[PDB]
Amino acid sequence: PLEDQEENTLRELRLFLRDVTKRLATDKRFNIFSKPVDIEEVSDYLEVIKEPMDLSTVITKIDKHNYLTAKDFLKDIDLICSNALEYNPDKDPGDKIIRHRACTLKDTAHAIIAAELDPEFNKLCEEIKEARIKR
């Protein structure tokens, strides 16, 4: 009963997170982040990057109910950006474009959340997370 009301809120959160992710993934600038890095082409990617992340994996994690707060989701967005900056050199413009897109993907995600997510709803999500940890 308590659990069922929690479950409605979390469903509303996932709908929102899916909507945000759809907007990021359909933006052409972020196409390179919409699928895992091809570790066969980018043969040194796993040597350098210990936790790969991308928007299709984020979508999977939403559907698996891994995110109980927007901040949990934003941590994975942040990881996408952090990975891109750790991996891509900063000398040629073709590399710089990827780093620029990574930082812009991060800023966009945070800006959409800050602009659109209801702060009271966010706090309720955080309470549901905390409740489940402690029950």
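A residue's number is simply how far along the shown sequence it sits, counting from 1. Between two forms, the rigid core is defined as the largest C-alpha subset superposing within 1.5 Å.
Once the rigid core is used to overlay the structures in 4 other deposited structures of this protein, the stretch among 78 to 86 and 40 to 48 whose CA atoms lie farther from this form is 40 to 48. With each structure aligned by its rigid core, the stretch whose Cα atoms sit farther from this model in 4 other deposited structures of this protein, between 23 to 31 and 91 to 99, is 91 to 99.
Of the two segments examined, 121 to 129 and 15 to 23, it is 121 to 129 that shows the higher average Cα temperature factor in the deposited entry. Across the two stretches, 86 to 94 and 105 to 113, the PDB entry reports the greater mean Cα temperature factor for 86 to 94. For residue 42, the recorded CA B-factor ranks within the highest third of the chain. Only modelled residues enter the ranking. Residue 69: CA B factor lies in the middle third for its chain, per the PDB record. In the PDB entry, a CA B factor belonging to the lowest third of its chain's modelled residues is recorded for residue 75. Compared with the other modelled residues of the chain, the Cα B-factor recorded for residue 63 ranks in the highest third.
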